[PDB]
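Here is the structure we will look at, set down as C-alpha cells.
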Amino acid sequence: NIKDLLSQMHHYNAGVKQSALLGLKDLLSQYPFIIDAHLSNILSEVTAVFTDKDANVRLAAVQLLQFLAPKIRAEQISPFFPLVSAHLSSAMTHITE
Amino acid sequence: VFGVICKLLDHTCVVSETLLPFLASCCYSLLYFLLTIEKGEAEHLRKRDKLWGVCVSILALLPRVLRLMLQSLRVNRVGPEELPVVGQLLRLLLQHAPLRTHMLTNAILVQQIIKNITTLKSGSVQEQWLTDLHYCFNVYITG
C-alpha cells in the first residue's frame, strides 16, 4: 500500500527508493483517489530532500512530479510552497553545480 | 435541536452523560432517512442538504457520540434489507475529511463491523457496494 511505499522512500539505501517511485506513479494512475486521501504526506516525502546523490533518483522524482502535477490543482499545495522553495533555494544556492 | 447543540458548544460545556445515548439514537435514525429517499415522494427531496449539514456537524463537535453511535451499529440483529443502507453510511462517513481523526481513534470498532458485513455475505454475488467497502477503507486511510 501507500504506507509501505512511504517507508520505502525514507529508507537509507538509494537504490531501494528507485523501485518505489516507478511503482508509485502506476498506483495513483490506477486510482486517482489516492491523491486526495493523504495529500499532505505524499508531497512531504518527495519534496523532502530535492537533492539526491545519484542523478536518476531526482529524475524519478521529477517524473513523479511530472505525473503528480496534473492531479493536484492549488488550495492544498498553497501553504507548503514556502516548504518546497526552502529545499529548492538551498539546492540552487549550493556549491555543487 | 441538532442545530442548537451545534451552535451553543463552548469549552465550558458540561454535556450530560444522560443525553449522549439519546443523541446518538436520534442521529442515526435521521441519517437513515437521508439514505432511503428512493425518490418517490417529491416533497421529501429538497430537505436533504439542510438535514445532512446539521447531522454531520454534531459528530465533529462531540467525539463521544461518534463512539456511542458506532458502539451500537452492528449486524446479526437486522435482516439483509437494511444492509445496503448501513454499508453506504459506514463508507460515506469515512469521507468528509472534517471527520478523519475522529474515525481514526475508533478504528477497532469500525474494523469489527467490516468483518461482520463480509461474514454473513460469503456465498453471494459480488455486490459492488461491498467490494468498494474493503478498498475504500484501505485507500482513504491506512489499514
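Ordering of the C-alpha cells sets the chain letters (A, B, ...); residue numbers start at 1 within each chain; ligands are numbered from 1 in the order shown.
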Please build the interface table for chain B against chain A with a cut-off of 10 Å, listing for each qualifying residue the nearest atom pair and the distance in Å to one decimal; count only C-alpha atoms, order rows by chain and increasing number, and write it as a tab-separated table.
residue	atom	partner	partner_atom	distance
B:95	CA	A:37	CA	8.9
B:97	CA	A:37	CA	8.6
B:136	CA	A:33	CA	9.2
B:138	CA	A:1	CA	8.2
B:139	CA	A:34	CA	6.5
B:140	CA	A:37	CA	5.0
B:141	CA	A:37	CA	7.0
B:142	CA	A:3	CA	7.1
B:143	CA	A:1	CA	8.9
Selected residues written out, N, CA, C and O atoms, as a compact mmCIF listing (two decimals), in the first residue's frame:
# COMPACT_ATOMS: atom_id res chain seq x y z
N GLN B 95 -15.41 9.27 4.28
CA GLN B 95 -15.16 10.50 3.54
C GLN B 95 -15.41 11.69 4.46
O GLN B 95 -15.48 11.52 5.68
N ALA B 97 -13.55 14.73 5.13
CA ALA B 97 -12.28 14.97 5.81
C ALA B 97 -12.40 15.58 7.20
O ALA B 97 -11.62 15.21 8.09
N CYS B 136 -12.04 1.05 -0.14
CA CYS B 136 -12.10 2.44 0.31
C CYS B 136 -11.53 2.60 1.71
O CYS B 136 -10.90 3.61 2.02
N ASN B 138 -9.09 0.81 3.01
CA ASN B 138 -7.64 0.75 2.87
C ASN B 138 -7.07 1.88 2.02
O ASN B 138 -5.90 2.23 2.18
N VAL B 139 -7.87 2.46 1.13
CA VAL B 139 -7.40 3.52 0.25
C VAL B 139 -7.46 4.88 0.94
O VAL B 139 -6.48 5.63 0.95
N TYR B 140 -8.61 5.21 1.53
CA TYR B 140 -8.81 6.55 2.07
C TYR B 140 -8.07 6.74 3.39
O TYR B 140 -7.79 7.88 3.78
N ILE B 141 -7.73 5.64 4.08
CA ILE B 141 -6.92 5.66 5.29
C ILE B 141 -6.15 4.34 5.38
O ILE B 141 -6.44 3.38 4.67
N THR B 142 -5.16 4.32 6.27
CA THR B 142 -4.32 3.14 6.42
C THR B 142 -5.11 1.97 6.98
O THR B 142 -6.13 2.15 7.66
N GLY B 143 -4.67 0.76 6.65
CA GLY B 143 -5.33 -0.45 7.12
C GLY B 143 -4.78 -0.97 8.43
O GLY B 143 -4.03 -0.27 9.12
Inset, instruction - Quick one: pull the distance between atom CA of residue 5 of chain B and atom CA of residue 19 of chain B, Å, one decimal. - result: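 Going from atom CA of residue 5 of chain B over to atom CA of residue 19 of chain B covers 11.5 Å.
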Legend entry - Using only C-alpha atoms: which of B:29, B:128, B:116, B:18 has the shortest distance to residue 51 of chain B: B:29
Inset, instruction - Would you mind listing what lies within 12 Å of residue 96 of chain A as a list in words, with only C-alpha atoms counted and same-chain residues fewer than 5 positions away left out? - result: residues 51, 52, 53, 90 and 91 of chain A
Legend entry - Given only C-alpha atoms as the counted atoms, nearest of B:35, B:114, B:9, B:61 to residue 88 of chain B: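 Looking only at the distances to residue 88 of chain B, the closest residue turns out to be B:35.
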Legend entry - Between atom CA of residue 104 of chain B and atom CA of residue 5 of chain A - distance in Å to one decimal: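 Atom CA of residue 104 of chain B lies 20.6 Å from atom CA of residue 5 of chain A.
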Inset, instruction - Work out how far atom CA of residue 16 of chain B is from atom CA of residue 4 of chain B, in Å to one decimal. - result: 15.2 Å
Inset, instruction - Do a neighbour search on segment 9-15 of chain A at 9 Å with only C-alpha atoms, toss out local chain neighbours closer than 3 positions, and write the hits as a VMD selection string. - result: chain A and resid 4 to 6 18 to 21 45 to 46 52 to 54 57
Inset, instruction - Determine, counting only C-alpha atoms, which protein, DNA and RNA residues have an atom within 12 Å of an atom of residue 92 of chain A; residues of the same chain fewer than 5 positions away are not included. Present the result as a ChimeraX atom specification. - result: /A:50-51,85-87,97
Take the residues from that selection and write them out as an mmCIF file, in the first residue's frame, keeping N, CA, C and O atoms.
data_model
loop_
_atom_site.group_PDB
_atom_site.id
_atom_site.type_symbol
_atom_site.label_atom_id
_atom_site.label_comp_id
_atom_site.auth_asym_id
_atom_site.auth_seq_id
_atom_site.Cartn_x
_atom_site.Cartn_y
_atom_site.Cartn_z
ATOM 1 N N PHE A 50 15.047 16.840 -2.291
ATOM 2 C CA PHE A 50 15.176 17.544 -3.565
ATOM 3 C C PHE A 50 16.616 17.610 -4.065
ATOM 4 O O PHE A 50 16.890 18.252 -5.084
ATOM 5 N N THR A 51 17.544 16.954 -3.366
ATOM 6 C CA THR A 51 18.936 16.893 -3.817
ATOM 7 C C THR A 51 19.507 15.543 -3.374
ATOM 8 O O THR A 51 20.009 15.398 -2.256
ATOM 9 N N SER A 85 10.018 25.555 -1.721
ATOM 10 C CA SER A 85 11.009 26.561 -2.087
ATOM 11 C C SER A 85 12.195 26.553 -1.132
ATOM 12 O O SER A 85 13.301 26.949 -1.517
ATOM 13 N N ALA A 86 11.986 26.117 0.113
ATOM 14 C CA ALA A 86 13.094 26.021 1.058
ATOM 15 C C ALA A 86 14.130 25.011 0.583
ATOM 16 O O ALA A 86 15.332 25.305 0.547
ATOM 17 N N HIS A 87 13.685 23.806 0.215
ATOM 18 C CA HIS A 87 14.604 22.836 -0.370
ATOM 19 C C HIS A 87 15.094 23.300 -1.734
ATOM 20 O O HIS A 87 16.253 23.063 -2.097
ATOM 21 N N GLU A 97 27.573 22.249 -8.799
ATOM 22 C CA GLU A 97 26.808 22.763 -9.932
ATOM 23 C C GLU A 97 25.662 21.830 -10.303
ATOM 24 O O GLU A 97 24.563 22.290 -10.634
#
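Of all the residues in segment 23-55 of chain A, the ones DSSP labels as alpha helix (DSSP H) from the backbone are residues 23, 24, 25, 26, 27, 28, 29, 30, 33, 34, 35, 36, 37, 39, 40, 41, 42, 43, 44, 45, 46 and 55 of chain A.
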Inset, instruction - Give the answer as one residue: which of B:67, B:39, B:102, B:134 has the shortest atom-to-atom distance to residue 20 of chain B, using only C-alpha atoms? - result: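 Going through B:67, B:39, B:102, B:134 one by one, the smallest distance to residue 20 of chain B is for B:67.
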Inset, instruction - Measuring atom to atom with only C-alpha atoms, identify which of B:112, B:45, B:101, B:3 is nearest to residue 70 of chain B. - result: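 Of all the options, B:112 lies closest to residue 70 of chain B.
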